[PDB]
Structures are given as C-alpha cells and as structure tokens.
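# Reading the structure
The primary structure of each chain is shown beneath.
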4 protein chains.
Amino acid sequence: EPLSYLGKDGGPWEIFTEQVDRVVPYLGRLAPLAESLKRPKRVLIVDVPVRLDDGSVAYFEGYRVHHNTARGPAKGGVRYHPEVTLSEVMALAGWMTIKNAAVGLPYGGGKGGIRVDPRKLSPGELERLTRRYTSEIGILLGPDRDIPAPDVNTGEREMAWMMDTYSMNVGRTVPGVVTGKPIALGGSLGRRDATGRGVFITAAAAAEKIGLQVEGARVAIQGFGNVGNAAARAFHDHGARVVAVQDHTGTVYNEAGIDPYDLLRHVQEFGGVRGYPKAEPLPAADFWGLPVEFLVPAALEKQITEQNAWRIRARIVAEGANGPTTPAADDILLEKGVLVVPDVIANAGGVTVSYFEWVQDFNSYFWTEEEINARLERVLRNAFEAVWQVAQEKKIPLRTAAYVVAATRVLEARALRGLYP
Amino acid sequence: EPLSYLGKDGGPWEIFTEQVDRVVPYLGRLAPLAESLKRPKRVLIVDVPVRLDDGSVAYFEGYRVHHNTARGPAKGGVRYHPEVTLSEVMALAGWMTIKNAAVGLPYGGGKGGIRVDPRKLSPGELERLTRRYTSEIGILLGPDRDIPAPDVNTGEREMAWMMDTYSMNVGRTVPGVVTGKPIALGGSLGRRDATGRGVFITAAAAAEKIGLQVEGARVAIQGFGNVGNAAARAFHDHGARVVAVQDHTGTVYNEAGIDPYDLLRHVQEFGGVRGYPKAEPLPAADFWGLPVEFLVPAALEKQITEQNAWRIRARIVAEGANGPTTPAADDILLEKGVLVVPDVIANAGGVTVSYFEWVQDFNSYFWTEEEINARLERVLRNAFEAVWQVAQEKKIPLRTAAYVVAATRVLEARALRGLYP
Amino acid sequence: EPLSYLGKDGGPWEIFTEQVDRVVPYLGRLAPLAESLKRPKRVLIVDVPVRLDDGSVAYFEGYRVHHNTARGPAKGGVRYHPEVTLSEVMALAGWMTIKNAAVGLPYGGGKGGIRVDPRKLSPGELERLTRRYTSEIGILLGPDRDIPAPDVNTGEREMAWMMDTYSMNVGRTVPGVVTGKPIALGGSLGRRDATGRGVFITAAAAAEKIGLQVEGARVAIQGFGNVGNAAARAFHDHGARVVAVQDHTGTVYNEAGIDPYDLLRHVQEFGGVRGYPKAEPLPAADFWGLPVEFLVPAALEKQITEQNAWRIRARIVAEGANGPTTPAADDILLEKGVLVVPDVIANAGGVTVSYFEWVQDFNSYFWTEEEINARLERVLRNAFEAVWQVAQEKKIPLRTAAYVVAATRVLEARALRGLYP
Amino acid sequence: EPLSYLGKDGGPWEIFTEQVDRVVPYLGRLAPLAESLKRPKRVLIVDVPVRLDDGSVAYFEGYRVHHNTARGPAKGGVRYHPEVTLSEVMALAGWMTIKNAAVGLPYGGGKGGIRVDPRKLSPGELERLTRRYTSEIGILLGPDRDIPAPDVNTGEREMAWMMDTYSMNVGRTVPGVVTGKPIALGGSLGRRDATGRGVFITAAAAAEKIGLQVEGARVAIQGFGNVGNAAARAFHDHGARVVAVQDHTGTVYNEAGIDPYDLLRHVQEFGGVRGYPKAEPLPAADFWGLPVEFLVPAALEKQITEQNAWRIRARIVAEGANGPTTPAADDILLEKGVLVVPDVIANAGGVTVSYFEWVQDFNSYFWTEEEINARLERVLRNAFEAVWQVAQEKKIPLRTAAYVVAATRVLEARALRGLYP
Ligand SMILES: N[C@@H](CCC(=O)O)C(=O)O
Ligand SMILES: N[C@@H](CCC(=O)O)C(=O)O
Ligand SMILES: N[C@@H](CCC(=O)O)C(=O)O
Ligand SMILES: N[C@@H](CCC(=O)O)C(=O)O
Ligand SMILES: N[C@@H](CCC(=O)O)C(=O)O
Ligand SMILES: N[C@@H](CCC(=O)O)C(=O)O
Ligand SMILES: N[C@@H](CCC(=O)O)C(=O)O
Ligand SMILES: N[C@@H](CCC(=O)O)C(=O)O
Ligand SMILES: [N+]
Ligand SMILES: [N+]
C-alpha cells in the first residue's frame, strides 16, 4: 500500500522510496525493518495567515515533516518557494535522514516548506510569515526535538526570526532551536566555507586511498559560488592548482594555474568568470574533457550526463552540488575507473558546521576558526572512511555504499531501541 | 489558491468548502474573514506501526485534523475505516467546527481516523493500534486542546484505551482527554438515548413555534437503531403516537399507535421490524405520504428526494440521520411549508452529552440522569431558538440558518480574538 | 509470591491481603486480576530532617503509599504516630482503595505516616516537620495525582501547612492539593457532622429495606464525640427516640427518649454523660442488650464482641466507628438475623465531604450546608443501594458485599483501561 | 537506632551503616552531619506487572533508591537478580554515594533492582519488564536527577530500552537519561577496557609513591574477563611481567612471563585459561602465595579471605573486582605491610566512563578514544592523590582514607547548602 494521501503518482517521494528499495539487498538482518523507511514518522500541515502590508490577510500552506527520528532530533532546513508541495517536503526529509546518518550526525531527518513566492512579498511580510510559521510548528520545535535551518530562499535573516519568535513564545533565549543563525545571535564561525572545504577534505581522503598526490594535482571546478570558490581556495592552499573554472557566464582555462583569490575579485567586480585577463576563454563542452586529477561539479544538477561522461579524464569526481551526475553517467564513470565522491558526504560540510552550531549553543561557548576545521575534518574523514569500507566489503560503488551506511545506521538505531509503544 | 496537497481532487473537502461559499452572502462585515474556514488550522499525519499477532510489523496511516480552534479546543471523533482519507478527515473536522458552533458548544472542530479494516484485526491488535495512534497524536491532545470521541468502528473500548494510554504517558489520570468513555472511567449518564431524545426536543421546539400539539400527535420513523428507537421512546413518553416505523426489513403501520418498547423487544429478538404482531405491513413507498404530524428520518442518507417529497404530509421533519434530505427535496418542502429541523442541530444530542462528560470530568463530580436530560434540553432549545431567529431575520430556511449561525459565531470569535501571531 | 521487603509475619498487610483472598470467589471473570490488589502500586519512603528548637537536627521516617490508582488519584490521610510502620501504612492504603471504591468516590487509595510522637514536639517543630515531609513527597502530590487529608494526630492546622508548602513550592495556589483544610483556605462546610449524619443516612436506607419505620424507632448509641452526637442529633431530628447513650464515663437511659442537644449541653459542662438529670443510669452491660431498633457503635474498635454480640436485640447495627465489631461477632449477629451496615460505607460521611472539598476546590466555588448534606445523602444512599444489591444477588452479608462491590469496581476499571505499558 | 522498616537485622544496610560509624572519628567539624548518611533520602518501591508470552500476568518488585543527592543527581546501576531485596538496594545506593564522592564525580548515590530470575524470561519478557520498570520510576529519572546504568544481569540491551521507553514517554530525545548505552544511541567509546585500565593507572600511582618500579614488576591476576585482560594488557604495555593468571578453568604460571594478547585468543577458542601452551599449570591456592609485586583480584567478591590471606606475598593489591577482600583479610594485609588500593577507587574506571558518556550526551558531541583515556587518567590520578594524602595526614589505611574523603566531600556539600526545606 503506497501512502493514500499522495494519490496515483507519488512524485519526488516515489523516487526516495525506490532508493530505499535498491538498498534493501545489502541490509542483512536489518532488511525487514526497511519498511519503516518508506513512511514518515510525522507530517504537519499548518495554515499560515499573514497580515499583508495593505492590512488584508493572506493564507499560506506551511509544512514540517519528520521523516525519521531513531537517531535523534529531526534536522533539516526550511524552504520558501511557490512550487513547494507535501510530496517534495516529505521526500526532502527522507534525504536528510539518509544524509545525516551517512555523515554520522546524531540527528534524524526533517524538512519544512511554505508554498509562497517570496519575491512577491516585502521584507515586513516575510518577517510576519516566518513568525507565524514558527508559531504554528512550535509544537515540534526544540533543540532536543527538531532544529530547522536555512534552505531555498531562506538564510540568516529568517533564522534570526525563528529563533527570536520561539524564544519569545517560550520565555527564554534558546539559540539552538534553529541553525544558520547570524554569529551575533549564537551563530557559528566557518559556515560560509564549510561545504567547499568539505569537498576538498573528502576528495583528498579518496586520493590517499588510491595513492594520488595532492600537491601536484590539477583541478577543474564548475560553479564559483560559495561552494566552488571555497573548494578552489582549499585545493590551492594544499598545493594543487586550479586549471579551469566554468560558471554561468563562461569558462576560463590556464594549465599553469589560476589564482582563486585573484579570480574572485573579478567575479564580484564584473558578475562572472568571463574575461579574466590571466586565463584563456574555453568552449562550454571542452571543460569536461580537460586532463585533470580532480573535477568538482559544484553548481547545477544534471551536469555530468550520458552525453559527456566519456569525455571525463579526471581520476576523482568530487560532488559539490546535489545530484550533478546522472545514473547513466555513474555507470560510464565506473567503467572508466574514475572515483566519484557522492554528494551525500562530499557536500556535507555545511550540515556538519550547523551541527557544530547546535553543539556550541547548548552551553553558549564558541569555537575558533581552527577548531571548527579540525573537527570538520574528523567528521568527514570518518564518513569517507566508513563509506569506503562498505564499498569494498560489498563490492558496490561509493554512492551505493553511502546509502547502505545511512540505512544501516538508522535501522540499527531502531532495532536497538525496539518497537514502543 | 485551493490547497495544493489535495490535488485537483476536492472530494468531501470541496463539498464542505462549497457550503462555506454558500453562507458568505449572509455574513455581513464578517464576510472577508470567511476565507479562514476554507483551510484547516492543522493537519497531523502519523505513521502507526503495530506488532501484529503473527510477530510481524504493519504500518497504518493515522490522521488528526484541527479544522478551527477559535471558539475552543478541537472536538471530534476518531474513525477506523479502510476507506479513511486525508481529504475525508479534513472535511469531517470542518463539519465539526460547524456542528459545535451551531449547537453552541465551547469547542472547535477536530477529526481523526486510521486507514485500517478493524474487522481484520484481533482485539489485541486493535488495542495496540489504539495505544500507538494516541501516543502519536499525544502532542495535540489534552482536555484544553483536543478531545477525541467514538466514530465509525470505535466505541467505549477504544476510548478506555485512549484515556489510559495518554494518562499513563503523562503520569496523571486525565478522564477528560476523550469522551464517550465507559461510566466506570468517568463517562456520562444519558449518552445512549441522547441523540434520539434530542431529535424530539428539537421537533418539540419546532412544534411550539407553529402551535402543534405534542400530546396526541402522530409520528412516523424511518430507522429503529439507537437514534430511531430512542426518538420513538421520547415521542411516546411525551404523549405522541408512533404510527409507522420503516426499517431494513420493511414497514409496520398502526393508527392506534405502536408501543416502541414492545417493538424494540421484537427488533432485538426477531431481527427487524417485519412481522411485528401488533401492526400491519406497509409498502415502503407508502411510508412517506402518510398523514402524520412528525416525520423522523433516522436511517440512511438521501431518503427524502424529489421522487417522494411532494407526498410528505408532515408538518415537521426532524433529521435524526445525517443528510437524509436532498437540496431539491428541501426546495419542495419549503414550497409546501413543511418545517425541516436540520440534522446539524436536530441530531446533536450525543455531541451535547459528550460535552457534558468533559464538563463533569474536570472535577469528577457526576450528574444524575434527570440533570443530564434537563441540561440537554436547555442546550438544544437554545440552539433551535438561535437558528429560528436568524431564519426569520434573513428570510432563509432553518437548514441555511443553522450554517449561518455556525459561521457567524466562529468568525465572531476570530474577529474578537484578532490575528496573532 | 509475597512481598520480600515485609518478610515473614505481615502483619497489618497480610490481614488486608487475606480480605482480598476471601473476596475472590465472588469476583467472576475479574478473579484473575485480583492479584494486582495484593501489591502496592507505589511506595515512597522519605527521610524527614527537622531542625529542633535546641538547634540540633533530628531524622524521622516518612511514608506515602499509593495502593491502587485504577479509579482516580490516591486519597488518604497522613498520620503522625510513634508506632507508624511501613507495613501499617501499606495496609491502610489498601483499605482506602476499597473504601473509596465501595462508597463510589472517584479516587484510588493512598495513606501516609511519619514515625514521630507529636506530643514531644513544639508547634514550631511540628510545622517544620509538616513542611519538610510535604516537600519530600511533593513529586507525588497534586489534585489530579495524590490528595492527602487529616488522620491520627493531624488536623486542619497541618493540612494548612501542607497546602502552603506545596503552593509556595509550585508557585500557584492549589487549595485542592489536600482536604480537611480550614474554611478560610478552601475547606468545605459540613465537615463536623458528616460522619454522624452519614451513619444515619445509611441506617435509614437499611430500615427502608426491612420496612422499619424511623419515627417509631428506638436508638442506642455508644460514644458521644463528633460521630456519636451527630448521629444522635440526626436520629432525633428525623423523629427517632434515642433511649441510651454510653460514654467513657457510664451509661444513661430513658424509655421516653433523650433530647441529644440538652444532653450535649450537659456533656460540654460536666465533661461526659452521667448525672444527666433527665435520664436514669444504666450499668454498661445492660446497654448492648437493650431492646432497640437501631444500635450505633461510634466509639472505639472492637466494642461488639464474642462477649456481648449474642446479647444484642437491635434490628439494625450501624457502624460509626472504625471496625467496632469482631469477625466472630459478625457470625453471631448473622445467625441472630441482625442487619449490620458495615463501617466501610456506614462511616464514610467524612471522606465524602473531603471529596466535596476537593470538588469545590477545582474552581473555588463552595456549596451551602444545605447543598453539602443533600449531596451527601445522594452519595451514601447510592453506596448502600449498590452493596444491598450485591448482598441479595450473592446471598452474602452486607460487610462482605461492600468488599465485593469495591474490588469489582477497582478490577473493572483496571480491565477496561488495560495493561500498559 | 535503626530504621523501622528493616527490622532488628538490616543485613547489607547495617554493614553500610556500621561503616559510616567507623568513619565518624575522622570527620572534624562535619562529624555531627554524619547522621544524614545513615538515612536514604528517597526509597521508591514499584510493582512491575508484565504480560508473559503465555498471556498471564506476573508481578515483580522493582526498586530505585536515592541514598544521597547533595553533590549532584543520583547515579547507579539497575540489577536484575532473584535475591534483590529492599535492604540490599539501599546498601548499594549508599556505597554509590561513597564511590561517586571518592572519585570526585558530580553525582549522588543511587541504585535500582528488580527481584526476578532473568534466566526464567524470554528476551521479549525481559524487554516488557524493562520498559514497565522505567515507566514506574519515571517520576525520578532525568539527566539532571537520576541516571541509571547496567549492573548484575543488565547491559547495553536493557539500557537502550530504558533510553527508548523514557524518550517516548516524554516526547524528546534524551540520550543522557542512562549510561552504558550502545554507541549508536549515544554510548561512549572506551567502555570495554575502562576498569582494567583504571586498575593499572591506580596501581601505578601507588607505585610512584612507595618507590616501586613498574617495569620488570611481576603481576598476578585473578580473572581474565573484561576487567582482568585489560588490566594485564596495560601492565604489559607498561613494561610489566604477567607471571600468573587464574579464571574458572585453573591457573597458568610462567616465571618468564605471559603475553596477554597471545593468552587472549587462547581463551577465545578453548573457553578459558586451562590449556595454555606457553605456560605451566601451578594452581590453585598456590596462585595467591606467589612472590609478586602486583596482585589484581579481578573476578568475584570475597576471594582474598580470612582463610587464604596468609599466603599473600605481593607488594600492592589492586582491586579490580567489587569487594575482593574481607575486613579480616585487610587486617592481615595491613600487618604484613602490603598496600591495598581499595576497589572504591581502583575499579572506578567503568563509572568514570559512564560519567563521560553522560557528559557527551548533553550536547551529543563525542570524544575520541585517546581523549577518553587521557581524561580517565586525569580523574583516577586525582582521586588517588586525594585518598593518599588523607591516609598520610591521618595515618590510616588507604581503604578507610577513601571512605573518609567520600564522607567529607558529601558532608561539606550538605553543610554549604544548609538544611532546607
Ligand atoms: N520506539 C521507537 C523506535 C525509535 C524510532 O523509530 O524513532 C518506535 O517504536 O518508533
Ligand atoms: N538547506 C540545507 C542546509 C542547511 C544548513 O546549513 O544546515 C539542509 O536543509 O540541510
Ligand atoms: N461521531 C460523532 C460522535 C460524537 C460523540 O459521540 O461524542 C463525532 O465525531 O462528532
Ligand atoms: N490569534 C488567533 C485567533 C484565531 C484563532 O484562535 O483561531 C489567530 O490569529 O489565529
Ligand atoms: N483520616 C481519614 C481522612 C479524613 C477526611 O478526609 O475527612 C482517612 O484517611 O480516610
Ligand atoms: N494502564 C494501567 C491500568 C491500571 C491502573 O491504572 O492502575 C496499568 O497498566 O497498570
Ligand atoms: N554496575 C556499576 C557500574 C555501572 C557503570 O558502568 O556505570 C554501578 O551500578 O555503579
Ligand atoms: N537542602 C538539602 C541539602 C542536602 C541535599 O541536597 O541532599 C537538604 O536539606 O537535605
Ligand atoms: N541526496
Ligand atoms: N443549568
């Protein structure tokens, strides 16, 4: 029986449950418990009424799903977008259960959304919306229950309002009720670069397993936003060189090496990578064929496909963006012997630092930049190592290994606790 | 914007929503606020895992909806049925908002359900399902927040289980967390005949508005279940003659009067109304056109239609069943000038006594049967008179007016309380 | 298996335990649940340190027991006596469960004790002892959890201290946390005469059942404290003739009848019955054999015995005292055809007015003396009626029947509720 | 002047209380406060009903005792054994107050027990038993109140179930509600070897004070389970010579020494020590009389007894077990000038790691094995240092000095906080 409240096509949720299906062969004694993964623990649909600037009331659909809770409080961001749907928010929570268990955070999986176009609202209106939403899901929330975070179209500003609103309602300041707060509000050092640095940490852990030296290595990187330039800087700081960067404006190439800091100025200065004087322009499609040690897809989804996977000369692909390589491209890349570090752990840097933020918030005692990076390495190098060991011991690719690890840990937590009530 | 999570399906929810649309022209300055009735305040969808008797785990869908909370805690029964759906549970909670506001109960509108065939579960499995569902909806529940009740395929037994579960969870005995409990557990006297008694009380109020004498009046009753037979008993006991009852098995007719206590012994033993010694059989289609003062449909829906409305010679129709008369049949009865006491207030006796149960539960001081009946009478005549009054002011029929009374009160609570947060 | 922490012997507990055993044959399908009655739900032993007037600290043993809580919160007094023991507090809690169920109060049974001789403490030390105890048992207290009352060597003064200690500790006025409070603090009117009035109400109900007229009737009364002189006032004010009163002095007798107010005036002067101008003296032994309609023992335990029970000529014995008759006396009175209204319900007026205090405390609305006495008649006539019905049903004496009604109500609440967790 | 609810012989508790007496002469100005240690603050006795696999209900005695709670929340294992009595749970809670204080953990003393033979139950019955128990003692539990742990016949499995029952009852993730959990649920690393390592760390501190060389020092060890083999391993890794080992199968002596890792996989194959190819057999009472520097009794209680203490020719006895020396055996070992590091600090490795578990659980941030170990040394060296100095300052044996430090720290806490309420 699929879930009756989704109707004939279950959409994004079906895609999630199919992946649980595919992981079932590798679960051993835990396999029967896998059924619990195909239904969310808790779905909460709330109305969120908002007095608009004219003084009239608008009504919005807000959601908060706790996909699974066996391993700890629900954790997962909150998205404002006109195309938000029950189905998607459930699926996304399902992915957070997987991601958080694969990287070894002490959390279950949760997500939230409000179906609204935030570009149609004033800053005032957005504030009132965040506040009402926070109040409405208040029965879910707590640093030991469910810790929202930023997602599509939300950030530090919204997170301050959730915090502030839960803290006023509840009668005390509780910084850890959300993460991705500003520093001033109990936020954490090292958030901005977390993800791009974690791509490097995980890429470099793979390189040691295959005896690839980092100091010599060449790097090509797609996307130069927060993740891309952070990855760029880390590779460049460890002795590697960035020989090409592609983004939405154009592509630039220089086998001798591009300076990430130098390029970045130009990126805000003009708008994109195009016209960087210390490199030559390159056609969109050739980027993928460059002889490199490291390729970092850190931009849009569906960028390494059946159409170009044969062109890839990289020894290691480290996934910065969510889902940059298609299932077809995986098969091709496995064939060509290229190591793919899956988005699941490769991009987990941000979620790890927000875990760090939750942690510092309990006794309001904040860590230095350097303790953040050191502890970020410990978490992600341990996640790469556990995913590597499973990939070897079961003869599956790293991506399949990541989902086996995740499911295995959630299902072990559940087997231990037992069924109660 | 209709609710996106329903999909282009309205179903039972769209029927509720259209009734709201139909009331808007009578709402005056409260009208803009009617939009709020077209979205439940909250929906909670839960997974209810249950260890079956065969050692395996089954997963059921549970729902608890709070449609509107403005006049009070959400109040409404819980249904166990394999056809239970999100949209159904929403719509029924919407009708609860409306029923409570028209009967004048200090409650909001709630509803719950499990998608399960209880026929297929043993008593043990049923217990374990009930406990886990009540644990799962724990966060909603409490005498001041949400009070479930029996509905389709649940009764005393399930209510005992819900009370004890929540009580054990919270380490206090909290009798008022559900209603329809057994007396031994803080139930209320008078509950069984309540709805039936209430059909009469409503028909009597109606009678007094048109100068119709109850002593010596003739009644015909379709349905001889808990509602039907208690309504007959009430009528008899206030001096009316029951002359015809139509059943499953047929119709019996006798102008001298049928003793309902005698007839009941027959329906209990023999199996149904057919073959009752002290009356003659009657052909089903002849029931509707009989010369009588009161007609009480207390059986299935859509029993009074275009096909038979013109034959009805009753001065008062009192709706014991939900939806026994079609809108077309309404228009006909209006044209003939027969008063229709609408199901919304007419069959509210059971709901009114559950409320008395919750009242009594707050200090565990229990009322006598007579006291229950007298306070029941107060509630139901207050409800009739309020509807009558709106019916006369706006020149609309009783049915419309009951819906107008409900909406006006809910929006009135909301207008005074205001928008917060 | 017997309770290990009591060891071999009992002793008050094994006595209660045996009464449970004797009731089992009459329990029907509830019989296998009766084992639960032979174990306290909860036993709390506290140390109560108290600063003495001389500046030193002393350490007293404190106890609170919840024998059974299937029917409602624990209810029972706190006793201060140097011979208080764990075993005794347990058995007394057992007797509270039975008592509350037999009279039909919505309460489980509890008891408390402190092992202290209160004659040797100053009022200042007794306040400090009371305040510390209530604190130590506070995890247990609350109007919906556990409601203490006065008992041996406690009264209004220390109930006022318990209420205050709990209230201050919890930050709210919670009058309903204990009963037996001063009326200035949310006590109930009608407390002084409750037990005596109850002895009458219950006697008169028995009289009805045997066609015995109260107006004609002669009454002998042992004891003339609160229970005895209120019983006497009640009997006289309903047209009965009080012909004999025995006190700690001696006995007075008058066939024409004694005015109990005039007697009471004479006792408040002379300190007891004796030389009462309007009655002749009688030797103590002639008292029990007086030809009367009603005999009321309202003094100490064990006053009706193998020694004097065979001499009784009364048609009705109505037990005002706690256990005034021995089991061997019950056997004798049974053969002689004398009706014994058992103490469990006969003396319950006090405990019922405490119930009323608690009920009134929920919303701080207090009833008139007229209302308390009407409501008290209702409780005790109902209690007597239920005991009567089981006595006839099962062909057993009233005493035994009271124990059966009690154990049935407890066990039925337990069966309905189920076993959880 | 003993507690009334234990009778004239209080067995275990009397022994604890007698031990408090003998400590009073060393307490200085805190000596009058010592009476407080002769009472348990709180004794809770629950009934724990379980549904058996055969459908019938069994009732078990459950206990939780808080001996003292001045220094912090209560801390102590829960034991399932058919010999568990109120007296014993009390004693063990008392020893826990001493132990926790002696090592400098921020905990008061507690202990639980169920009186049951767990070998008579199926794993399902053992679960339902565990969950009922944790429910019944619910009112006591919380990371800031009472934090249970494993003891006789309990382990990781029961703890998981306690964490789960409690977390579900309360609707929050609360890992720190018990310790000794699986790592997957918030357990700590380094729990397997903690006691073993502690025995060594604590034996070394004793050496570094009596001018004893660890290195070439010969070590005899009774018991080769978790405690024994980790002790041998750390003695070995620190240059020492494991010359003898005795578990249940026999004893294996070897002048030249035994490499424990080699001995381990031998016991992890043939069942015990008995058949070890790389040593000669010279058992059994011979083992005790061996000329050694370190004797580690790490098996059962009462092993070094008033009947075999004579043979002992070791310089330092380091107690890995609980109570491996009778008091008469202490006198003889004092006589021969042999150092006995008392079990109260010598085996406190496990309890320190439990403390670390609880610490890590507050923000769910988990320490490396290297960190656990450095932190465990820091704690156990400080404990010894404090115990040593008092043994010297007051010229008393190491065991008595630990008890004195323990009594002093508790009473100082009690004196600083003062008496209240
Ligand atoms: N006792 C929990 C297991 C943990 C979980 O699933 O979150 C349950 O039955 O659901
Ligand atoms: N939007 C991402 C990241 C949030 C974060 O920075 O913690 C999520 O839901 O997990
Ligand atoms: N099924 C009805 C029952 C009302 C009641 O008996 O309390 C409801 O849900 O409103
Ligand atoms: N403050 C409430 C009032 C209406 C209600 O309680 O439903 C709101 O804006 O939602
Ligand atoms: N000592 C009485 C209570 C006194 C009262 O409530 O009036 C009892 O425990 O039953
Ligand atoms: N659920 C309760 C029912 C009986 C009671 O409340 O005492 C139990 O298992 O013990
Ligand atoms: N069984 C020991 C140690 C438990 C632990 O490892 O923390 C106790 O109850 O104190
Ligand atoms: N105020 C506490 C201090 C000792 C403790 O906390 O146990 C008391 O009177 O007992
Ligand atoms: N993902
Ligand atoms: N009323």
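Residues numbered from 1 in each chain as written, not as in the entry; some residues may be left out. Chains lettered and ligands numbered in written order. Part of a larger assembly, values for the part shown. Heavy atoms only, no water.

X-ray crystallography is the method the PDB entry lists for this structure, together with a resolution of 2.10 Å.

Next up on the list: the side chain of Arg417(A). For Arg417(A), the position within the fold is in helix 12 (residues 398-417). Assessed through its relative accessible area of 8%, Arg417(A) is described here as buried. Discounting chain neighbours no more than four positions away, the residues touching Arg417(A) are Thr69(A), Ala70(A), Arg131(D), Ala160(D), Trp161(D), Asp164(D), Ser167(D), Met168(D) and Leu185(D). (Helix = DSSP H or I, 4+ residues; strand = E, 2+ residues; numbered from the N terminus. Buried < 20%, exposed > 50% of the residue type's maximum accessible area, 1.4 Å probe, protein only. Contact = heavy atoms within 4.5 Å.)

Listed by partner, the interface residues are 36 residues for chain B and 37 residues for chain A. For the chain B and chain A pair, buried surface summed over both sides reaches about 3,200 Å², with 54% attributable to carbon and sulfur atoms. Our enumeration of links across chain B and chain A arrives at 4 salt bridges. A salt bridge links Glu136(B) to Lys41(A), with the shortest nitrogen-to-oxygen separation between them at 3.1 Å. Where the side of chain B that touches chain A is concerned, the elements lending two or more residues are strand 1 (42-51), strand 2 (57-68) and helix 3 (123-136) of chain B. For the side of chain B that touches chain A, the leading source of residues is strand 1 of chain B, giving 9 residues. (Buried area = accessible area lost by both parts, 1.4 Å probe. Salt bridge = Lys/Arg side-chain N within 4 Å of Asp/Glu carboxyl O.)

Next up on the list: unusual backbone geometry. A cis amide bond links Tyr420(A) with the next residue in sequence, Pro421(A), at an omega value of -5°. Considering the arrangement of structural elements, one finds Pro421(A) in the segment after helix 12. Along the chain, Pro283(D) connects to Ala284(D) via a cis peptide bond; the corresponding omega equals 0°. Relative to the helices and strands, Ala284(D) resides in the loop between helix 7 (260-270) and strand 8 (294-297). In the Ramachandran plot, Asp9(C) falls in the positive-phi region, its phi being about 135° despite a non-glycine side chain. Mapped onto the elements of the fold, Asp9(C) is located in the segment before helix 1 (12-23).

Once that is clear, we can look at the packing of helix 11 (residues 349-361) of chain B against helix 12 (residues 369-394) of chain B. All names here are of chain B. Relative orientation of the contacting elements helix 11 and helix 12 amounts to 120°, with a least axis distance of 10 Å. In this view, helix 11 runs oblique relative to helix 12, as classed from their interaxial angle. Considering the relative orientation of helix 11 and helix 12, their crossing is right-handed. In this structure, helix 11 uses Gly349, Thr352, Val353, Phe356 and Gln360 to contact helix 12, whose residues at the interface are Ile372, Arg375, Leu376, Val379 and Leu380. Taken together, the residues that form the contact of helix 11 with helix 12 break down as 6 nonpolar, 3 polar and 1 charged. (Axes fitted to C-alpha atoms, helices over the stretch in contact; angles between N-to-C directions. Parallel < 35°, antiparallel > 145°, perpendicular 65-115°, else oblique. Left-handed = near helix turned anticlockwise from the far one by under 90°. Nonpolar A, V, L, I, M, F, W, Y, C, P; charged D, E, K, R; others polar.)

All names here are of chain A. UniProt tags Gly77, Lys111, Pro150, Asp151, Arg191 and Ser354 as "binding site: L-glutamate 2" (unreviewed entry). In this fold, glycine 77 is placed in the loop between strand 3 (74-75) and strand 4 (78-80). Classification of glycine 77 by relative accessible area gives buried; the value is 5%. When sequence neighbours within four positions are dropped, the list of residues in contact with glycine 77 reads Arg64, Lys111, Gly112, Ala149, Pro150 and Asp151. Of the residues examined, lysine 111 reaches a relative accessible area of 6% and is grouped as buried. (UniProt positions renumbered as here; feature names shortened; annotations may be inferred.)

What follows concerns the site of ligand 3. All names here are of chain B. Lining the immediate surroundings of ligand 3 are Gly76, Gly77, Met96, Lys111, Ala149, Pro150, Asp151, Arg191, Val351 and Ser354. One nitrogen or oxygen atom from the main chain of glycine 77 is found 2.8 Å from an oxygen atom belonging to ligand 3. Measuring from a nitrogen atom of ligand 3, one finds a side-chain N or O atom of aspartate 151 at 2.7 Å. For the shell around ligand 3, a count of residues per class yields 4 nonpolar, 3 polar and 3 charged. (Near = heavy atom within 4 Å. Polar contact = N/O pair within 3.5 Å; in protein donor to acceptor, adjacent residues only side chain to side chain.)

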